[PDB]
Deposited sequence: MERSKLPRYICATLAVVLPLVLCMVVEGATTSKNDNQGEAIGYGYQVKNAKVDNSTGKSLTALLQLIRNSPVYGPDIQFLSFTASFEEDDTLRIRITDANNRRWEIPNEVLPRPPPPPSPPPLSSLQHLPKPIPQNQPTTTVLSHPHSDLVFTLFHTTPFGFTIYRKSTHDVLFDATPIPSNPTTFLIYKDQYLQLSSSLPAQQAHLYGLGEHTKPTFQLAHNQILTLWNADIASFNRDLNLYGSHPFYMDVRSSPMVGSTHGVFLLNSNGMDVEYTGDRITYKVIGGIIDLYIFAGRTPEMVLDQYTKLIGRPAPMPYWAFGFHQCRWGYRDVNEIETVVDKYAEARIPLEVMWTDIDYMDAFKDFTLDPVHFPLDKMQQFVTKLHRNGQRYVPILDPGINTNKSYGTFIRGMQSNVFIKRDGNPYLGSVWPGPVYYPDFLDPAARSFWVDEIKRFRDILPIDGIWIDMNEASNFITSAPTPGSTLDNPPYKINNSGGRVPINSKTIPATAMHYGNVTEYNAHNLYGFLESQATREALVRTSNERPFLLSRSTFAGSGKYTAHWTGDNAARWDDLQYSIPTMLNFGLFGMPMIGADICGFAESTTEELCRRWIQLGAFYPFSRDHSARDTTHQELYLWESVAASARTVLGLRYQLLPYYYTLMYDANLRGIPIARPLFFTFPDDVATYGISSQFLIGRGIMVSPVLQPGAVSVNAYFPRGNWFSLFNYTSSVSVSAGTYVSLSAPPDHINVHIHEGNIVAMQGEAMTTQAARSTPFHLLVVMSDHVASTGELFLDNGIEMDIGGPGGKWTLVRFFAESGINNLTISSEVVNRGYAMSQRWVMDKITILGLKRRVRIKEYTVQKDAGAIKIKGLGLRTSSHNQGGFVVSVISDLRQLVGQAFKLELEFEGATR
């Protein structure tokens, strides 16, 4: 019947003089409790400004090192070398206070508005509000203003809303659990949240990140949020914002900037678990072409392997000679090839990969011997991606395979790690039997369920208990290295399991979703979440992975999915086929929406550049552009592509309209520029949405450079640019275009083989000026890119060279690389 804990008192505390102030304190345990294991008696507590806009609060055992995510994995600045102690800096909005109460507390508030962002003041009678710090139970709690704080993140979980619902528990423990399941912990763990405040100073946003790889539950009740973490330390970062985009800049500066993607990765991808042989995949490619549906990349799932073994080919169904011919043909036709790899290596003694893995001792061990799992080929050992020797092995196996069969990228799956068996716990081990049970799979299921046991060991005598959540991330680092060492092109990989920082290495997809209307909608919050997580190259399996799709659902899904940053149709083997050519209405919608997507390729690519620079997501919440509009905070079924393009999908069967929120102003359909929406105060509009149409609109104030439709992205890149200029009465219009060869390793780097163009448009009382400014004109000029047309929306008078109307300036024949200034007059 003992209390869960008694908390800590401040024994000493002081702010450093003679440098950028930081605060150091020693805390002492008030009293022990047997509940949840041994209390740490003395804690070192530091608060320090890493940058003016980032505060770090680090709480460690004063007398012993504890597990921390290694710097080599996630490189970051090192730690600093009644009564209250205050830490403030003249150039920082964040003010930190240490309260010497019993038990102690701390807060962080804004110097400017006095809004308290994180409030770890305990309620003295209530231990659920204390800092508790036991070897396998860390508890950290903050109160929140229930109506004003709007929280987002804490992945990975499927939810019907993007804004986090009040009164829930979010569990972070990477697990092979299908994303068609609401609420449960899924493949990745992202202990970050964004907190957008509706007042004071509407739209004032901050971020909170707990840099910890251990299993945890995070309980959010609206007026409080509480972390319950089963190991490691508290290493808490607060990002000042104050805009949502600034918070992601600050967060990704810490965890890593989003990796760039090659231009081709924005083309359409096709995959299926169950393609039977090389003839079938060839036929799929042929049928896409016959249907005039763009197809950029053909994928092969585990079917291609010899009995589900990595780095092999089925000699009957996917023989090497035919596969070489297939890939050669793809390449001749401007297409690309991506195969799957699983992490588990089959233990067959006559399998070369196993022999080599054994020779280099690359596998995760338990009880002194390689840990034996079960996955698709049966028995497997798992490479230890924390071990440099295993990463070298992985690089070498990929090289060996690529030397025999060319590939363009890699899909890494099952990397939680997934295990089809659960091993018995080591008797007496509190790692395999932890004192606090996190809510794994929604049933307090033991952490070792269907994975590698916590007592397994990694390089450096690191336990699986501590390193589990890093496995997919580490495999992603190793796989990207393997690709970079075997091709000088910008690489492409897709990973299932992720951790904070994975976006610096890989794309992600939402995993095993289902062919259900619910999942169609769930793809939107998950897409938005992964942007916040610094993983902008995100999408869901179009038409649904599990269960058989329907014509209507698949039609609505390609309509939406054609706007995902990562756009792939994929399916399980036991379902009907769902290639887009199979139903005419799906094929016809696909041609329409992939046509617009392909016209938008230069825009997606520019946004990818922006994401790598500043962390800003490609697919972003409405509140990134309209943070002062509280109505946008709870939107979960619409999203932006870049600043000013909004996608408003139909998400229900039988619907021929959708009630869609429009922020203030004028919005123009990208499918028919004569069709527009104009609102004053933002409100809902019941948009027409017939079976063959999805609503996609561009807001006043924006300029977007398009290219033409084509069946491949390479062909698209050789077409003329058409500039879409949407005027606003209240502000000049702007836009941006980034150009390189589509595949440079270091995007926008000092080598200079790239151009950045900025566009401007402004109305005068009797004229209109449209112009560009160009950085590095040379590259763009040498690539012959032509701007041949400008379309001007948003005015009620026509314009020409010396309700709403549409003006078109044609046959310009100008070089994109040559800065221009065009003066137009009204008619």
property	result
Sequence order list of spans that the model leaves without C-alpha positions, deposited numbering	1-37, 119-137, 859-884, 910-913
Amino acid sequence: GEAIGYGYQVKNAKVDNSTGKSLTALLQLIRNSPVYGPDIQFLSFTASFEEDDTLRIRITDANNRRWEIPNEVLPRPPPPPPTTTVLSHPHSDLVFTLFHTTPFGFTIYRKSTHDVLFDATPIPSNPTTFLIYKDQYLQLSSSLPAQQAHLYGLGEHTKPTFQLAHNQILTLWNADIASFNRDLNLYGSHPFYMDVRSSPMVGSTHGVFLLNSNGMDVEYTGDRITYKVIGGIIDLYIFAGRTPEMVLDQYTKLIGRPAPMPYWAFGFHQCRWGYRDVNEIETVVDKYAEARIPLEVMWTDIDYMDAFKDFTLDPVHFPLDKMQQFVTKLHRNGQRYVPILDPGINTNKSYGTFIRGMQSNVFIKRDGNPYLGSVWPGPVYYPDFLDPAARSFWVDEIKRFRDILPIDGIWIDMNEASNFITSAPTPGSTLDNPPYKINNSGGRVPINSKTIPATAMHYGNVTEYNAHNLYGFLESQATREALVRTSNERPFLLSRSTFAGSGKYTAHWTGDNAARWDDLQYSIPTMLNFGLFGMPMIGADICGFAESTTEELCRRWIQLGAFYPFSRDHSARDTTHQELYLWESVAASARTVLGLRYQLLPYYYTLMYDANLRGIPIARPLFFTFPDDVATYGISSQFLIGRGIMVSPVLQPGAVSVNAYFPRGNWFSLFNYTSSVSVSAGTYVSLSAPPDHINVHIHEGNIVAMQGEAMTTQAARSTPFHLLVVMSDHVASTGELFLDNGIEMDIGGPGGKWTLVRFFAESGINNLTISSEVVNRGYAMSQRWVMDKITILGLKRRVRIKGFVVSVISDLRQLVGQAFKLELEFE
From here on, numbers count along this sequence of modelled residues.
{"item": "Segment of higher mean CA temperature factor, 69-77 or 378-386", "value": "69-77"}
{"item": "Residue stretch of maximal mean CA temperature factor, 336-344 vs 531-539", "value": "336-344"}
{"item": "Residue, from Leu172, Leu87, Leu756, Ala417, that the PDB entry assigns the highest Cα B-factor", "value": "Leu87"}
{"item": "Residue with highest C-alpha B-factor in the PDB entry, from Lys159, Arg556, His508, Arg485", "value": "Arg485"}
{"item": "CA B-factor ranking of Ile398, expressed as a third of its chain", "value": "middle"}
{"item": "Within-chain third of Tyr351 by Cα B-factor, per the entry", "value": "highest"}
{"item": "For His331, the third of its chain into which the C-alpha B factor falls", "value": "highest"}
{"item": "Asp135 - which third its CA temperature factor falls in, relative to the rest of the chain", "value": "middle"}
{"item": "Assigned third (lowest, middle, highest) for the C-alpha B factor of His190", "value": "lowest"}
